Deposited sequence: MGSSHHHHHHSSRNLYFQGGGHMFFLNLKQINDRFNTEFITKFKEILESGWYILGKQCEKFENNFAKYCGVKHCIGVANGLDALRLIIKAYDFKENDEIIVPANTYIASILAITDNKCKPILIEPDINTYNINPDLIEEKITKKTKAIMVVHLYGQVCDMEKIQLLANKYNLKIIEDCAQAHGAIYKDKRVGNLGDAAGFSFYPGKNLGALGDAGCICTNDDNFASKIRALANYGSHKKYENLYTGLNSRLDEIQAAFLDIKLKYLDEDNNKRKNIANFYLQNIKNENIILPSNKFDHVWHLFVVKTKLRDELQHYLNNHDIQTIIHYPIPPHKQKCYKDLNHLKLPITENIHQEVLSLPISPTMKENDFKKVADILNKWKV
């Protein structure tokens, strides 16, 4: 104990320490190969992640923002084409739209799911709408049925932002296989997290998959040639290998998260706290509580040596980078942003720690 009592929001050392021997073995394998980019590890991980999601194709890319940006670029929509998207998602969802010179059309979530309210989408469809981007926020899959029907009615693409929901299931399909194309983040904090920036795109469409590979490789499908004006967005061999190791435990890990979320849901009882009771399958990337006393709560937990993070306190429309959206009246989204706080959760989290989080919350008088 001679190397150098605070409960960290997400202890990645502890999550990853289980795999250190394997990571090192695979690193040395890569060194032996002399190949660090677009190699056998990327191919292997792609194949395995496609199988996991139930899709035909997976393309490793540099991060989850790029994965969304690439999808939208591949569709080659006109300037100011409209993409419907939840108002309360992480900003990178919206950045991917505006970077492609599309107009985001911000929809309120359901207060009881934190995910886009499907019943509010149709009224905002216009002749410029080209896609709906669903986000499975915090880990909970969106109620996809009406959204799929609407996409079909209006000949819209469905783009899934799966950054927070790796392996969740709606009816008979995995997230990643509920629309036309899907972006994932494997940022280290995610349920399946790399040791660096990393992402993917999933799809069943052969042409789309091919076009994405070229677009993510300078626009080059063949050495020396550039069919498209592309970008550089690749998944390193090293990261692909690390992800493949962890992917073998991802269902087991997510079910362990479910066990801890269900402990919180059943054991936390405080009139000042609204618990995130799930309406659909939830893999609990984030365990988000809601209170009118949010900053007080975070200070209270900190005083009791529990670290928390807010996801999120400023919604995209109120950010300085989007002053042209600051006017929008989105009171549900705004309320959420004032009131949410995330509690520590992870698949390797200690019983004494989750028991403390619950007990400390129960004791909170505000």
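Comparing the deposited sequence with the modelled residues, the stretches lacking C-alpha coordinates are 1 to 13, 18 to 20.
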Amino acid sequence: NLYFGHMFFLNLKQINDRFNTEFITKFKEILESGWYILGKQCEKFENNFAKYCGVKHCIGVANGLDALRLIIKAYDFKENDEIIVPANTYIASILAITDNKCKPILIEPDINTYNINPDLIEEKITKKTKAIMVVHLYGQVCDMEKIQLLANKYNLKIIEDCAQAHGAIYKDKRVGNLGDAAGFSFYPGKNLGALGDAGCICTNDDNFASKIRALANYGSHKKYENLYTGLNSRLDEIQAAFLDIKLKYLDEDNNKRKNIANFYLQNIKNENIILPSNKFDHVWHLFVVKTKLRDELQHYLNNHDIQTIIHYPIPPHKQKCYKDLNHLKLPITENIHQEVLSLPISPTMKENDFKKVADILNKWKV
From here on, numbers count along this sequence of modelled residues.
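If you average the C-alpha B-factors over 196 to 204 and over 138 to 146, the higher value belongs to 138 to 146. For the pair 57 to 65 and 34 to 42, the mean B factor over Cα atoms is greater in 34 to 42.
Between the residues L328, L341, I314, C321, the entry's highest C-alpha temperature factor is the one at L328. Of the candidates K128, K157, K248, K190, the one whose C-alpha carries the top B factor in the deposited record is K128. In the PDB entry, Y170 places in the middle third of its chain by CA B-factor. When the modelled residues of the chain are ordered by C-alpha B-factor, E237 sits in the lowest third.
Per the PDB record, residue ranking by Cα B-factor puts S93 in the lowest third of the chain. When the modelled residues of the chain are ordered by their C-alpha B factor, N335 lands in the middle third.
Ranked within its chain, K222 lands in the highest third, by CA B factor from the PDB record.
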